[PDB]
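Have a look at start-v5.cif; it's mmCIF, C-alpha atoms:
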```
data_final
#
loop_
_atom_site.group_PDB
_atom_site.id
_atom_site.type_symbol
_atom_site.label_atom_id
_atom_site.label_comp_id
_atom_site.auth_asym_id
_atom_site.auth_seq_id
_atom_site.Cartn_x
_atom_site.Cartn_y
_atom_site.Cartn_z
ATOM 1 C CA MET W 1 7.238 1.738 -21.122
ATOM 2 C CA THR W 2 9.966 -0.020 -19.151
ATOM 3 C CA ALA W 3 12.586 2.776 -19.425
ATOM 4 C CA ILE W 4 10.985 6.241 -19.128
ATOM 5 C CA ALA W 5 9.213 5.065 -15.974
ATOM 6 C CA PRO W 6 9.709 1.484 -14.755
ATOM 7 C CA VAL W 7 7.354 0.157 -12.096
ATOM 8 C CA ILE W 8 8.222 -2.384 -9.439
ATOM 9 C CA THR W 9 5.027 -3.817 -7.932
ATOM 10 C CA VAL W 10 4.899 -5.541 -4.588
ATOM 11 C CA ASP W 11 1.801 -7.591 -3.812
ATOM 12 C CA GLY W 12 0.905 -9.665 -0.743
ATOM 13 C CA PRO W 13 -1.132 -9.924 2.480
ATOM 14 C CA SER W 14 -0.873 -7.306 5.248
ATOM 15 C CA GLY W 15 1.755 -8.058 7.862
ATOM 16 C CA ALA W 16 4.328 -9.666 5.585
ATOM 17 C CA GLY W 17 6.773 -6.763 5.396
ATOM 18 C CA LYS W 18 5.397 -5.229 2.205
ATOM 19 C CA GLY W 19 5.351 -1.728 3.661
ATOM 20 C CA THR W 20 8.941 -2.113 4.766
ATOM 21 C CA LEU W 21 10.176 -3.735 1.579
ATOM 22 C CA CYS W 22 8.641 -0.888 -0.423
ATOM 23 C CA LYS W 23 9.987 2.009 1.636
ATOM 24 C CA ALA W 24 13.416 0.390 1.408
ATOM 25 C CA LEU W 25 13.351 -0.228 -2.362
ATOM 26 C CA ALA W 26 12.126 3.340 -2.842
ATOM 27 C CA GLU W 27 14.991 4.847 -0.869
ATOM 28 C CA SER W 28 17.624 2.533 -2.305
ATOM 29 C CA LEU W 29 16.622 3.374 -5.894
ATOM 30 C CA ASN W 30 15.382 6.891 -5.035
ATOM 31 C CA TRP W 31 12.026 6.241 -6.740
ATOM 32 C CA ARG W 32 8.482 7.450 -6.161
ATOM 33 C CA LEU W 33 6.303 5.468 -3.759
ATOM 34 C CA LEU W 34 2.635 4.525 -4.090
ATOM 35 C CA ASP W 35 1.003 3.014 -0.995
ATOM 36 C CA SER W 36 -2.339 1.560 -2.052
ATOM 37 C CA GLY W 37 -3.789 0.777 1.380
ATOM 38 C CA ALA W 38 -3.100 4.349 2.460
ATOM 39 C CA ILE W 39 -4.657 5.923 -0.620
ATOM 40 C CA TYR W 40 -8.138 4.600 0.210
ATOM 41 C CA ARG W 41 -7.723 6.139 3.689
ATOM 42 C CA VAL W 42 -6.487 9.493 2.377
ATOM 43 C CA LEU W 43 -9.544 9.635 0.126
ATOM 44 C CA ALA W 44 -11.758 8.977 3.161
ATOM 45 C CA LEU W 45 -9.865 11.573 5.187
ATOM 46 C CA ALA W 46 -10.343 14.020 2.330
ATOM 47 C CA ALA W 47 -14.020 13.104 2.494
ATOM 48 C CA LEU W 48 -14.256 13.767 6.234
ATOM 49 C CA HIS W 49 -12.355 17.096 6.023
ATOM 50 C CA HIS W 50 -14.503 18.411 3.186
ATOM 51 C CA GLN W 51 -17.411 16.587 4.903
ATOM 52 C CA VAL W 52 -19.200 15.254 1.820
ATOM 53 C CA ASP W 53 -22.018 12.762 1.211
ATOM 54 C CA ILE W 54 -20.702 9.198 1.642
ATOM 55 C CA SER W 55 -23.629 7.677 -0.189
ATOM 56 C CA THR W 56 -24.556 8.404 -3.774
ATOM 57 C CA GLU W 57 -20.887 8.217 -5.026
ATOM 58 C CA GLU W 58 -21.397 11.487 -6.988
ATOM 59 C CA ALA W 59 -18.934 13.595 -4.981
ATOM 60 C CA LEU W 60 -16.363 10.909 -4.106
ATOM 61 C CA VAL W 61 -15.618 10.176 -7.759
ATOM 62 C CA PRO W 62 -14.045 13.537 -8.629
ATOM 63 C CA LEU W 63 -12.366 13.702 -5.213
ATOM 64 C CA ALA W 64 -10.706 10.351 -5.899
ATOM 65 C CA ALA W 65 -9.854 11.126 -9.519
ATOM 66 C CA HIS W 66 -7.698 14.134 -8.654
ATOM 67 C CA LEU W 67 -6.857 13.337 -5.011
ATOM 68 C CA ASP W 68 -3.976 15.543 -3.884
ATOM 69 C CA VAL W 69 -1.831 12.900 -2.237
ATOM 70 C CA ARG W 70 1.854 11.953 -2.252
ATOM 71 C CA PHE W 71 3.939 9.494 -0.251
ATOM 72 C CA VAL W 72 7.396 10.534 0.922
ATOM 73 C CA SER W 73 9.626 8.126 2.759
ATOM 74 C CA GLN W 74 12.869 9.082 4.499
ATOM 75 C CA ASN W 75 14.841 7.010 6.994
ATOM 76 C CA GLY W 76 12.275 4.211 7.095
ATOM 77 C CA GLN W 77 9.158 6.200 8.065
ATOM 78 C CA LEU W 78 6.207 6.808 5.699
ATOM 79 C CA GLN W 79 5.140 10.416 5.370
ATOM 80 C CA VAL W 80 1.696 10.885 3.841
ATOM 81 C CA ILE W 81 0.768 14.317 2.517
ATOM 82 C CA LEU W 82 -2.799 15.337 1.660
ATOM 83 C CA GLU W 83 -3.317 18.765 0.097
ATOM 84 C CA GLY W 84 -0.104 19.957 1.762
ATOM 85 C CA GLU W 85 -0.779 18.803 5.341
ATOM 86 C CA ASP W 86 1.141 15.850 6.777
ATOM 87 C CA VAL W 87 -1.727 13.429 7.568
ATOM 88 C CA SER W 88 0.316 10.333 8.423
ATOM 89 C CA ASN W 89 -1.319 9.738 11.828
ATOM 90 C CA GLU W 90 -4.773 11.008 10.851
ATOM 91 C CA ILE W 91 -5.252 8.258 8.232
ATOM 92 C CA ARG W 92 -4.485 5.549 10.805
ATOM 93 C CA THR W 93 -7.579 6.027 13.027
ATOM 94 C CA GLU W 94 -10.437 3.523 13.004
ATOM 95 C CA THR W 95 -13.142 5.950 11.846
ATOM 96 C CA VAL W 96 -11.038 6.890 8.816
ATOM 97 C CA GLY W 97 -10.555 3.227 7.849
ATOM 98 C CA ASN W 98 -14.280 2.535 8.254
ATOM 99 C CA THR W 99 -15.162 5.412 5.947
ATOM 100 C CA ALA W 100 -12.526 4.100 3.504
ATOM 101 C CA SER W 101 -14.367 0.758 3.304
ATOM 102 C CA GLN W 102 -17.542 2.783 2.715
ATOM 103 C CA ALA W 103 -16.094 4.642 -0.276
ATOM 104 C CA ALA W 104 -14.371 1.476 -1.488
ATOM 105 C CA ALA W 105 -17.790 -0.085 -2.031
ATOM 106 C CA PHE W 106 -18.783 2.088 -5.065
ATOM 107 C CA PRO W 107 -17.307 0.728 -8.346
ATOM 108 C CA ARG W 108 -16.962 4.173 -9.937
ATOM 109 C CA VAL W 109 -14.941 5.307 -6.905
ATOM 110 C CA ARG W 110 -12.778 2.207 -7.216
ATOM 111 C CA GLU W 111 -12.244 2.919 -10.927
ATOM 112 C CA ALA W 112 -11.486 6.558 -10.063
ATOM 113 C CA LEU W 113 -8.890 5.508 -7.479
ATOM 114 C CA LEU W 114 -7.498 3.028 -9.979
ATOM 115 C CA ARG W 115 -6.828 5.886 -12.454
ATOM 116 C CA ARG W 116 -5.395 8.095 -9.717
ATOM 117 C CA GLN W 117 -2.953 5.292 -8.724
ATOM 118 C CA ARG W 118 -1.794 4.712 -12.292
ATOM 119 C CA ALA W 119 -1.001 8.431 -12.449
ATOM 120 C CA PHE W 120 1.711 7.783 -9.863
ATOM 121 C CA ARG W 121 3.843 6.174 -12.584
ATOM 122 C CA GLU W 122 6.524 8.824 -13.293
ATOM 123 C CA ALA W 123 10.272 9.137 -13.812
ATOM 124 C CA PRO W 124 12.591 7.969 -12.482
ATOM 125 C CA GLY W 125 10.343 5.085 -11.381
ATOM 126 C CA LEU W 126 7.587 3.858 -9.090
ATOM 127 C CA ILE W 127 7.417 1.371 -6.253
ATOM 128 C CA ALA W 128 3.765 0.273 -6.091
ATOM 129 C CA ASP W 129 2.688 -1.383 -2.840
ATOM 130 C CA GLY W 130 -0.749 -3.069 -2.882
ATOM 131 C CA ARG W 131 -2.716 -6.261 -3.456
ATOM 132 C CA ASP W 132 -3.568 -6.275 -7.166
ATOM 133 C CA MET W 133 -0.728 -3.997 -8.278
ATOM 134 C CA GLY W 134 0.891 -6.506 -10.590
ATOM 135 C CA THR W 135 -2.369 -8.031 -11.851
ATOM 136 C CA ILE W 136 -4.675 -5.058 -12.323
ATOM 137 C CA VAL W 137 -3.112 -1.634 -11.655
ATOM 138 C CA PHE W 138 0.135 -2.222 -13.588
ATOM 139 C CA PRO W 139 -0.268 -5.560 -15.358
ATOM 140 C CA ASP W 140 2.636 -4.749 -17.723
ATOM 141 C CA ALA W 141 5.173 -3.864 -14.954
ATOM 142 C CA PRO W 142 8.796 -4.978 -15.658
ATOM 143 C CA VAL W 143 9.243 -6.255 -12.076
ATOM 144 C CA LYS W 144 6.560 -7.896 -9.999
ATOM 145 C CA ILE W 145 7.099 -9.417 -6.574
ATOM 146 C CA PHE W 146 4.697 -11.250 -4.309
ATOM 147 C CA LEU W 147 5.562 -11.150 -0.615
ATOM 148 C CA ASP W 148 3.834 -13.813 1.476
ATOM 149 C CA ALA W 149 4.046 -14.925 5.121
ATOM 150 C CA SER W 150 2.287 -17.396 7.462
ATOM 151 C CA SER W 151 -0.777 -16.330 9.493
ATOM 152 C CA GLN W 152 1.281 -16.512 12.702
ATOM 153 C CA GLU W 153 3.914 -14.205 11.289
ATOM 154 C CA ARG W 154 1.253 -11.771 10.155
ATOM 155 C CA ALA W 155 -0.620 -12.121 13.459
ATOM 156 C CA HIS W 156 2.617 -11.308 15.279
ATOM 157 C CA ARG W 157 3.260 -8.138 13.225
ATOM 158 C CA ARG W 158 -0.349 -7.010 13.801
ATOM 159 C CA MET W 159 -0.139 -7.618 17.549
ATOM 160 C CA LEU W 160 2.813 -5.255 17.873
ATOM 161 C CA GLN W 161 1.044 -2.601 15.795
ATOM 162 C CA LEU W 162 -2.090 -2.814 17.899
ATOM 163 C CA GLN W 163 0.004 -2.698 21.100
ATOM 164 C CA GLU W 164 1.904 0.358 19.782
ATOM 165 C CA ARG W 165 -1.413 2.171 19.283
ATOM 166 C CA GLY W 166 -2.409 1.237 22.837
ATOM 167 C CA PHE W 167 -4.695 -1.799 22.701
ATOM 168 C CA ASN W 168 -3.810 -4.934 24.613
ATOM 169 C CA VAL W 169 -4.149 -7.928 22.296
ATOM 170 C CA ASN W 170 -4.400 -11.688 22.633
ATOM 171 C CA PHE W 171 -2.052 -13.431 20.171
ATOM 172 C CA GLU W 172 -4.348 -16.477 19.909
ATOM 173 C CA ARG W 173 -7.446 -14.318 19.347
ATOM 174 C CA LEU W 174 -5.595 -12.397 16.630
ATOM 175 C CA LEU W 175 -4.101 -15.471 14.972
ATOM 176 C CA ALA W 176 -7.532 -17.085 14.775
ATOM 177 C CA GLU W 177 -9.124 -13.765 13.724
ATOM 178 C CA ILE W 178 -6.626 -13.412 10.857
ATOM 179 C CA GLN W 179 -6.905 -17.131 9.993
ATOM 180 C CA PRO W 192 -8.972 -11.214 -4.560
ATOM 181 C CA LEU W 193 -5.288 -11.855 -3.695
ATOM 182 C CA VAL W 194 -3.006 -13.686 -6.126
ATOM 183 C CA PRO W 195 0.597 -13.649 -7.275
ATOM 184 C CA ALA W 196 0.865 -12.461 -10.858
ATOM 185 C CA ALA W 197 2.015 -15.270 -13.185
ATOM 186 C CA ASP W 198 5.245 -13.279 -13.602
ATOM 187 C CA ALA W 199 5.766 -12.511 -9.893
ATOM 188 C CA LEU W 200 8.964 -13.252 -8.003
ATOM 189 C CA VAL W 201 7.620 -15.144 -4.972
ATOM 190 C CA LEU W 202 9.270 -14.343 -1.640
ATOM 191 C CA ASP W 203 8.322 -15.633 1.818
ATOM 192 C CA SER W 204 9.420 -13.473 4.736
ATOM 193 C CA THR W 205 8.471 -16.228 7.232
ATOM 194 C CA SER W 206 11.959 -17.624 7.889
ATOM 195 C CA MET W 207 13.913 -14.963 5.962
ATOM 196 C CA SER W 208 15.163 -11.681 7.418
ATOM 197 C CA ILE W 209 13.723 -8.493 5.935
ATOM 198 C CA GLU W 210 17.237 -7.553 4.799
ATOM 199 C CA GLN W 211 17.513 -10.757 2.820
ATOM 200 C CA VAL W 212 14.143 -10.032 1.173
ATOM 201 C CA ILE W 213 15.226 -6.511 0.218
ATOM 202 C CA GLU W 214 18.582 -7.623 -1.119
ATOM 203 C CA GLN W 215 16.994 -10.391 -3.213
ATOM 204 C CA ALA W 216 14.333 -7.931 -4.450
ATOM 205 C CA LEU W 217 16.864 -5.242 -5.354
ATOM 206 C CA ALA W 218 19.148 -7.707 -7.109
ATOM 207 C CA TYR W 219 16.230 -9.197 -8.996
ATOM 208 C CA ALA W 220 14.964 -5.778 -10.165
ATOM 209 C CA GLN W 221 18.381 -4.402 -11.132
ATOM 210 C CA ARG W 222 19.018 -7.498 -13.315
ATOM 211 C CA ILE W 223 15.847 -6.952 -15.349
ATOM 212 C CA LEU W 224 15.809 -3.158 -15.618
ATOM 213 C CA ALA W 225 19.494 -2.635 -16.370
#
```

Before we go any further, please render this structure as structure tokens.
Amino acid sequence: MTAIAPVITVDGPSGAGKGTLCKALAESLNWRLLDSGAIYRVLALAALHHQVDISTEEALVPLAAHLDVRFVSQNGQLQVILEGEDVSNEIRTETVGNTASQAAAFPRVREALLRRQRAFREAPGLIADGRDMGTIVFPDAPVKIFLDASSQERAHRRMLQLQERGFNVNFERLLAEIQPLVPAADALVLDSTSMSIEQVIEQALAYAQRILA
């Protein structure tokens, strides 16, 4: 239900400012935060730690279903906590994200993770950051937002990320490399291409706090 535990979903491609919009909404409203991309990686990090069979789906399903994960965000930085440990950096490595795509291939694991993500919906409220948040995870959410951006913009954001991790990147290689996913019919559509991220946040906040209150 809308009051009890409202959900604001934020859907879009990677590299559009979704992460940043969500951390900011979550700290402006003091709400819980679900980061969908990260949850698949935490599951795969949980799978590597407890070193379990990444075929057969039999062991990943209950892991997923009760995954001990929470997302805390203070002062703009995402803190990811698995079974107590801060695993923020651990879930960013390439091996982790390749085992996440391996788990993500079994439907029953996807359905398990879907139920785990719904269970994030609590008081006072949830900011849900993903791809299908407003269309599949929380189709009845009071506030849905779709945050798009051009391939160049997204390429640019990715370049800086890759460079921050240490790789040297070619912008034109990346752009071309980058060059389902749909707004929900009741999504507020924003484009961070020629808009500052502060403008996006302020429009998002104002939009949410006009529906919810």

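For the choices W:52, W:64, W:174, W:33, the atom-to-atom distance to residue W:104 is smallest for W:64 when using only C-alpha atoms.
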
*Name every residue that the PyMOL selection byres ((chain W and resi 36) around 9) selects in this structure, writing the answer as a list in words with chains first and numbers rising.*
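With the shown file as input, the PyMOL selection byres ((chain W and resi 36) around 9) matches residues 34, 35, 37, 38, 39, 40, 117, 128, 129, 130, 131 and 133 of chain W.
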
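Each of W:24, W:80, W:29, W:45 was compared to residue W:103 using all atoms listed in the file, and W:45 turns out to be the nearest.
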
*Given the file above and the PyMOL selection byres ((chain W and resi 42) around 9), which residues are selected, and can you give them as a ChimeraX atom specification?*
/W:38-41,43-47,67,69,80-82,87,90-91,96,100

*How many Å lie between atom CA of residue W:54 and atom CA of residue W:102, rounded to one decimal?*
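Going from atom CA of residue W:54 over to atom CA of residue W:102 covers 7.2 Å.
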
*For each of W:70, W:83, W:154, W:197, take the minimum atom-to-atom distance to residue W:50, counting only C-alpha atoms, then give the residue where this is smallest.*
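Checking each of W:70, W:83, W:154, W:197 against residue W:50, counting only C-alpha atoms, the winner is W:83.
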
Save stretch 157-177 of chain W of the structure in the block above to a file, with N, CA, C and O atoms included, as a compact mmCIF listing (two decimals), in the first residue's frame.
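The result, written out as selection29.txt:
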```
# COMPACT_ATOMS: atom_id res chain seq x y z
N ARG W 157 30.42 8.47 -18.89
CA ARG W 157 30.37 8.02 -17.50
C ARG W 157 31.14 6.71 -17.31
O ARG W 157 31.87 6.55 -16.33
N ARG W 158 31.00 5.78 -18.25
CA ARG W 158 31.69 4.49 -18.15
C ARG W 158 33.20 4.64 -18.26
O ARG W 158 33.95 4.00 -17.51
N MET W 159 33.64 5.46 -19.20
CA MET W 159 35.05 5.77 -19.37
C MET W 159 35.72 6.19 -18.07
O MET W 159 36.80 5.69 -17.73
N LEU W 160 35.08 7.10 -17.35
CA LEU W 160 35.66 7.60 -16.11
C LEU W 160 35.71 6.51 -15.05
O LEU W 160 36.68 6.40 -14.30
N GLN W 161 34.67 5.68 -15.00
CA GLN W 161 34.66 4.54 -14.08
C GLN W 161 35.79 3.58 -14.37
O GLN W 161 36.54 3.21 -13.48
N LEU W 162 35.91 3.18 -15.63
CA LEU W 162 36.99 2.29 -16.03
C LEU W 162 38.36 2.90 -15.71
O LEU W 162 39.22 2.22 -15.15
N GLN W 163 38.54 4.17 -16.03
CA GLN W 163 39.80 4.86 -15.71
C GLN W 163 40.09 4.92 -14.20
O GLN W 163 41.25 4.82 -13.78
N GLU W 164 39.04 5.08 -13.39
CA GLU W 164 39.18 5.12 -11.94
C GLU W 164 39.61 3.76 -11.38
O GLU W 164 40.28 3.69 -10.35
N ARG W 165 39.23 2.68 -12.05
CA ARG W 165 39.63 1.34 -11.63
C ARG W 165 41.04 1.01 -12.14
O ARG W 165 41.70 0.12 -11.60
N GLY W 166 41.49 1.74 -13.16
CA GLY W 166 42.87 1.62 -13.61
C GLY W 166 43.08 1.39 -15.10
O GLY W 166 44.17 1.63 -15.62
N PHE W 167 42.04 0.94 -15.80
CA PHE W 167 42.17 0.67 -17.23
C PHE W 167 42.25 1.97 -18.02
O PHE W 167 41.61 2.96 -17.68
N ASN W 168 43.06 1.97 -19.08
CA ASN W 168 42.99 3.08 -20.02
C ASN W 168 41.97 2.72 -21.09
O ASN W 168 41.95 1.58 -21.59
N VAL W 169 41.08 3.66 -21.42
CA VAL W 169 39.98 3.37 -22.32
C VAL W 169 39.96 4.32 -23.51
O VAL W 169 40.34 5.48 -23.41
N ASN W 170 39.52 3.81 -24.65
CA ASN W 170 39.27 4.64 -25.82
C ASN W 170 37.79 5.04 -25.86
O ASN W 170 36.91 4.17 -25.88
N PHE W 171 37.52 6.34 -25.85
CA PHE W 171 36.14 6.84 -25.86
C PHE W 171 35.35 6.31 -27.06
O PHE W 171 34.18 5.93 -26.93
N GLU W 172 35.99 6.28 -28.23
CA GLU W 172 35.32 5.86 -29.46
C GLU W 172 35.07 4.35 -29.50
O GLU W 172 34.05 3.91 -30.03
N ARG W 173 35.99 3.57 -28.94
CA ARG W 173 35.78 2.14 -28.75
C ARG W 173 34.59 1.89 -27.82
O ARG W 173 33.72 1.06 -28.11
N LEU W 174 34.56 2.61 -26.71
CA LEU W 174 33.51 2.45 -25.71
C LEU W 174 32.15 2.89 -26.25
O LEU W 174 31.17 2.17 -26.11
N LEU W 175 32.11 4.06 -26.87
CA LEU W 175 30.88 4.57 -27.44
C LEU W 175 30.28 3.52 -28.37
O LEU W 175 29.13 3.11 -28.19
N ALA W 176 31.09 3.08 -29.33
CA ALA W 176 30.66 2.05 -30.28
C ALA W 176 30.33 0.72 -29.59
O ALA W 176 29.39 0.02 -30.00
N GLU W 177 31.09 0.35 -28.55
CA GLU W 177 30.80 -0.87 -27.80
C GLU W 177 29.41 -0.78 -27.17
O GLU W 177 28.59 -1.70 -27.30
```
